[PDB]
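Reading the structure
Spelled out, the chains give:
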Amino acid sequence: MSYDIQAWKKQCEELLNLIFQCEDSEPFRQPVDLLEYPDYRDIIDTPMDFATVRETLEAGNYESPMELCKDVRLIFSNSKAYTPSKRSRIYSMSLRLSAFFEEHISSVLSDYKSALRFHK
Ligand SMILES: CN1Cc2ccccc2NC1=O
């Protein structure tokens, strides 16, 4: 529905489903195993992954698509910080998937901002 301040929830659930089904999301689908990778927390202050984002959305624990978008962007900025080399296939996967995410989220954000303006 036009001007729906709830539309983002279904739009983000659908977008997360597309990301999970994309091969480029494979490294980012679950929390980094901090026992397997003991220097991860030396580099990364705030781990994030797509299963955490999907679970938080399904629980109703995001107030706005901005809060969801901040967590997704943290998945990609964490990957850049831990895996900074342009040579890494993991760097390439996060670049491709981040660009996909940013192309799809822009209209979710602008629709929300318009709905919120309407609601006020
Ligand atoms: C999500 N990760 C975790 C990881 C584990 C092992 C090797 C590289 C990476 N890089 C990432 O960006």
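As a numbering rule, every chain is indexed from 1 in the order its sequence is written, which need not reproduce the entry's residue numbers; residues that lack coordinates are not presented. By convention in this description, side-chain values take in all heavy atoms of the structure and omit both hydrogens and water. Residues with missing side-chain atoms are left out of burial classes, side-chain pairs and their counts.

Listed as the method for this PDB entry is X-ray crystallography; the listed resolution is 1.4100 Å.

Going by the annotation in the PDB entry, the name recorded for the chain is PH-interacting protein, with Homo sapiens given as the source organism.

**Notes on the overall build of the chain**
Of the regular secondary structure elements, the chain holds five helices and zero strands. Starting at the N terminus, helices and strands are each numbered in turn, a helix being any DSSP run of H or I of at least four residues and a strand any DSSP run of E of at least two. The order of α-helices and β-strands along the chain, N terminus first, is α-α-α-α-α. Taking the principal axes of its C-alpha atoms as reference, the chain extends roughly 45 × 25 × 20 Å. The contact definition used throughout considers only heavy atoms, calling two residues in contact when any of these lie within 4.5 Å. Summarising the internal contacts of the chain: among those between residues at least 6 apart in sequence, 69% fall at separations of at least 24.

**Section: the nonpolar core**
It is characteristic of soluble globular proteins that their nonpolar side chains tend to be buried jointly. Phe50, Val53, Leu68, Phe101 and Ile105 are the most contacted members of the largest nonpolar core, which has 25 residues in total. Breaking this core down by element, the ones donating at least two residues are α1 (7-21), α3 (50-59), α4 (65-82) and α5 (89-119). The element contributing the most residues to this core is α5, with seven residues. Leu68 has contacts with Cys12, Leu16, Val53, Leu57 and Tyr62, leaving out every residue within four places of it along the chain. Residues enter a nonpolar core if they are buried and are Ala, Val, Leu, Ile, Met, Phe, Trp, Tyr or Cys, with the set joined through side-chain atoms within 4.5 Å. Exposure is judged per residue with a 1.4 Å probe applied to protein chains only, and the accessible area is read against the type maximum: over 50% gives exposed, under 20% gives buried, and values in between give partly exposed.

**A closer look at the layout of surface pockets**
The rule is simple: put a 1 Å grid over the protein atoms alone, call a set of points where a 1.4 Å probe fits but cannot get out a cavity, call an open set with protein on both sides within 12 Å along at least five of seven lines a pocket, and count a residue as lining if it has an atom within 4 Å of a point. Grid points are joined across faces, edges and corners, and a volume is the space filled by probe spheres set on the points. Considering only enclosed or pocket space, the largest pocket measures out at about 310 Å³ in volume. As for the largest pocket, its lining consists of 15 residues, and the residues nearest its centre are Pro27, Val32, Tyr40, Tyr82 and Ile90. Of all the elements, α4 adds the most residues to the lining of the largest pocket, at four residues. Polarity classes work like this: nonpolar for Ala, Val, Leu, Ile, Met, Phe, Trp, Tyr, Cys and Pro, charged for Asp, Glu, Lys and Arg, and polar for all others, with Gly in that last group. Its residues assigned to classes, the lining of the largest pocket shows nine nonpolar, four polar and two charged.

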